[PDB]
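> The structure under discussion is supplied below as structure tokens; questions concerning it will follow.
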Amino acid sequence: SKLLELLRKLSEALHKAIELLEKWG
Amino acid sequence: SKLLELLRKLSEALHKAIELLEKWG
Amino acid sequence: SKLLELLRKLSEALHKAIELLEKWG
Amino acid sequence: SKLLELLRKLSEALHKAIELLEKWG
Amino acid sequence: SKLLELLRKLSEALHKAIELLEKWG
Amino acid sequence: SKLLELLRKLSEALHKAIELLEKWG
Amino acid sequence: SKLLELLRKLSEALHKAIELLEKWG
Amino acid sequence: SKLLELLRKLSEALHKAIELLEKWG
Amino acid sequence: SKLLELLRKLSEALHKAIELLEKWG
Amino acid sequence: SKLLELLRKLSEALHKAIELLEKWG
Amino acid sequence: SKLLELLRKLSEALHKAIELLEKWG
Amino acid sequence: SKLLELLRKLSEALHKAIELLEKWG
Amino acid sequence: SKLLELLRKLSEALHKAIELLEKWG
Amino acid sequence: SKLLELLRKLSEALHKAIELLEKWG
Amino acid sequence: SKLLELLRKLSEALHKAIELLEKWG
Amino acid sequence: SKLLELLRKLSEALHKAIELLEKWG
Amino acid sequence: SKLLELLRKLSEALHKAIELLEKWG
Amino acid sequence: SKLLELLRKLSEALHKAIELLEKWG
Amino acid sequence: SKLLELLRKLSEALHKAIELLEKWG
Amino acid sequence: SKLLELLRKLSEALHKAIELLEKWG
Amino acid sequence: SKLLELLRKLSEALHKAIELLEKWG
């Protein structure tokens, strides 16, 4: 469960970073 | 522009698949 | 309903990729 | 050009089918 | 309506695939 | 050649029958 | 062989559509 | 059920034509 | 080759979706 | 099982198209 | 180049997620 | 703001990973 | 094994994206 | 056990610094 | 740039924490 | 070494957040 | 308050690091 | 050893001083 | 400004303690 | 050498913390 | 009591330093 929550947390950091790239470019 | 929206749609889907993993496991 | 949400999102991404293939090709 | 029109056409139909799965499911 | 729209869309994909066969053959 | 032509005419008819199914349905 | 298999498949589909046209009309 | 059957047949014909496209192309 | 291999892949998915529509509907 | 099989097949197709985009671009 | 490599890697993680979803589901 | 939100999201996952590391080691 | 390989995959994608942000920004 | 305790400690501080940056920025 | 540089530094730490989890797990 | 490598990494990131807080305040 | 909490946090991590140097030295 | 011991003693006094700054501040 | 200078000096000492744990460890 | 300059670094933070209490007290 | 305790601690660190000067010198 704690390794699934880490995956979820990592995933949503990745979505924010992609979101910033599309906002920029 | 089109490339970055494809990028965003991928990570939006990747997130929703990981959300499902956490809900299942 | 979330399994079908995931399915819908993947087909959206598939369509946008193939759209980009036609514009490039 | 013709082959890419076919991929796009097929991609539209696949999207229409998954859209009907989600409405029925 | 959705079912008939999908049948029409598939029918065009099939027609342009056969159009491509005839040109290639 | 003649066989590919018959394939084309068959698909033309199949598409025009589906078109009138949608018009009637 | 596959060309005639396809031709047979189109014919079988054309008949199913026409069959539904008569039921509806 | 009859429109769904018609739909299946069109998909089968469409895949048979793609088999030939792949071989010829 | 790669375009036609993708073309095949769309068809297979479309057929899987339709088989599910037919079973639900 | 069928929802997941179709989900696998969309991802499989989506991965193939992006592979082409990377070669083309 | 780098934008496309990120797109390909997103696709790979999306497929691994789904492969896991298919295994669990 | 968006950069700072990413930083925050990044170090939460990192804290979670180290918590896992601590529990495992 | 597969859950952790997925973790590695998201991690690699995250670093790719931030590498892009740094180059763009 | 002790050296991972130090990892956890630096992780807590790094997070608190980020949180201050985010509130100040 | 100090933000971006900072982000790059945490992304590196995250990756190494992950890489240790997968070797440990 | 791999653990110490991480710990050095966290030290770098913490010091650069502190440097940012000193510059901003 | 937040600034002072961060100083206390840093101080206590430094003490734990020096504790560790004592054991290894 | 005596150099390590003085280091520990220095860190101790530093912590209680910061502990006093936080109570006073 | 004096609290931030003290904060700078704390992290500066902590980094050097870490950097010496890596030689000794 | 580095152990001796850690000693110096700790001493300067110790001095600045006491100077703050004298200023505050 | 806390001011007097910090004073006792500082006295101890300085005495320890004297010891070291006596050993080296």
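Residue numbering restarts at 1 for every chain of the structure tokens, chains are lettered A, B, ... in their displayed order, and ligands are numbered from 1 as they appear.
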Leaving out residue C:11 and any residue of its chain fewer than 4 positions from it, which residues lie within 7 Å of it when counting only C-alpha atoms, given as a PyMOL selection string?
(chain C and resi 7+15) or (chain D and resi 15) or (chain J and resi 10)
> Just the selected residues (C-alpha atoms), exported as a PDB file, in the first residue's frame, please.

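Written output follows (out.pdb):
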ATOM      1  CA  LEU C   7     -10.207   3.315 -22.152  1.00  0.00           C
ATOM      2  CA  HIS C  15      -6.494   9.562 -32.133  1.00  0.00           C
TER       3      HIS C  15
ATOM      4  CA  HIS D  15     -13.072   6.102 -30.888  1.00  0.00           C
TER       5      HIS D  15
ATOM      6  CA  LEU J  10      -5.006   0.208 -27.376  1.00  0.00           C
TER       7      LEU J  10
END
> Name the residues in contact with residue A:12 at a cut-off of 12 Å, using only C-alpha atoms, excluding same-chain residues fewer than 3 positions from it; report them as number ranges by chain.
A: 5-9, 15-19; B: 8, 11-19; L: 5-6, 8-10, 12-13; M: 10-11, 13-14
> Could you save those same residues with N, CA and C atoms as a CSV table (one decimal), in the first residue's frame?

chain,number,residue,atom,x,y,z
A,5,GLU,N,1.2,4.1,-2.9
A,5,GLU,CA,1.1,5.6,-2.7
A,5,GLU,C,2.3,6.3,-3.2
A,6,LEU,N,3.5,5.7,-3.1
A,6,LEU,CA,4.7,6.4,-3.7
A,6,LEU,C,4.5,6.5,-5.2
A,7,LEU,N,4.1,5.4,-5.8
A,7,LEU,CA,3.8,5.4,-7.3
A,7,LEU,C,2.9,6.5,-7.6
A,8,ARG,N,1.8,6.6,-6.9
A,8,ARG,CA,0.8,7.7,-7.2
A,8,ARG,C,1.4,9.1,-7.0
A,9,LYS,N,2.1,9.3,-5.9
A,9,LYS,CA,2.8,10.6,-5.7
A,9,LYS,C,3.8,10.9,-6.8
A,15,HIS,N,2.9,14.5,-13.8
A,15,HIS,CA,1.8,15.2,-14.5
A,15,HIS,C,2.0,16.7,-14.4
A,16,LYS,N,2.3,17.2,-13.2
A,16,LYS,CA,2.6,18.7,-13.0
A,16,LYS,C,3.7,19.1,-13.9
A,17,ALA,N,4.8,18.3,-14.0
A,17,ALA,CA,6.0,18.8,-14.8
A,17,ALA,C,5.6,18.8,-16.3
A,18,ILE,N,4.9,17.8,-16.8
A,18,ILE,CA,4.4,17.8,-18.2
A,18,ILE,C,3.5,19.0,-18.4
A,19,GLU,N,2.6,19.3,-17.4
A,19,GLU,CA,1.7,20.4,-17.5
A,19,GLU,C,2.5,21.7,-17.7
B,8,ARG,N,0.6,15.6,-22.7
B,8,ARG,CA,-0.3,15.8,-21.6
B,8,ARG,C,-1.3,14.7,-21.5
B,11,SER,N,0.2,11.5,-20.0
B,11,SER,CA,0.5,11.4,-18.6
B,11,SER,C,-0.8,11.5,-17.8
B,12,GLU,N,-1.8,12.2,-18.4
B,12,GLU,CA,-3.2,12.1,-17.8
B,12,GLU,C,-3.7,10.7,-17.8
B,13,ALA,N,-3.4,9.9,-18.8
B,13,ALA,CA,-3.8,8.5,-18.8
B,13,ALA,C,-3.0,7.7,-17.9
B,14,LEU,N,-1.7,7.9,-17.9
B,14,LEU,CA,-0.8,7.2,-17.0
B,14,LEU,C,-1.2,7.4,-15.5
B,15,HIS,N,-1.5,8.6,-15.2
B,15,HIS,CA,-2.0,8.8,-13.8
B,15,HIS,C,-3.3,8.0,-13.5
B,16,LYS,N,-4.2,8.0,-14.4
B,16,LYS,CA,-5.5,7.3,-14.2
B,16,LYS,C,-5.3,5.8,-14.1
B,17,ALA,N,-4.3,5.3,-14.7
B,17,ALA,CA,-4.0,3.9,-14.6
B,17,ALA,C,-3.3,3.5,-13.3
B,18,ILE,N,-2.5,4.5,-12.8
B,18,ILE,CA,-1.9,4.3,-11.5
B,18,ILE,C,-2.9,4.5,-10.3
B,19,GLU,N,-3.8,5.4,-10.5
B,19,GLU,CA,-4.9,5.5,-9.5
B,19,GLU,C,-5.7,4.2,-9.4
L,5,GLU,N,5.2,24.7,-6.9
L,5,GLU,CA,4.3,23.6,-6.7
L,5,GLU,C,5.0,22.2,-7.1
L,6,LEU,N,5.7,22.3,-8.2
L,6,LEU,CA,6.4,21.0,-8.6
L,6,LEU,C,7.5,20.6,-7.6
L,8,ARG,N,7.6,21.3,-4.4
L,8,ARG,CA,6.9,20.7,-3.2
L,8,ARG,C,6.4,19.3,-3.5
L,9,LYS,N,5.8,19.0,-4.7
L,9,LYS,CA,5.4,17.7,-5.1
L,9,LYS,C,6.6,16.7,-5.2
L,10,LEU,N,7.7,17.2,-5.7
L,10,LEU,CA,8.9,16.4,-5.8
L,10,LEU,C,9.4,15.9,-4.5
L,12,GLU,N,7.8,15.7,-1.6
L,12,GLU,CA,6.9,14.8,-0.9
L,12,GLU,C,7.2,13.3,-1.3
L,13,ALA,N,7.3,13.1,-2.6
L,13,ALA,CA,7.6,11.7,-3.1
L,13,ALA,C,8.9,11.3,-2.5
M,10,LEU,N,8.5,5.5,-14.1
M,10,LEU,CA,8.1,6.9,-13.8
M,10,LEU,C,9.2,7.8,-13.4
M,11,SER,N,10.2,7.3,-12.6
M,11,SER,CA,11.3,8.1,-12.2
M,11,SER,C,12.1,8.5,-13.4
M,13,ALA,N,11.1,8.9,-16.4
M,13,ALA,CA,10.3,9.9,-17.2
M,13,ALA,C,10.3,11.2,-16.5
M,14,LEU,N,10.2,11.2,-15.2
M,14,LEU,CA,10.3,12.5,-14.4
M,14,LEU,C,11.6,13.3,-14.6
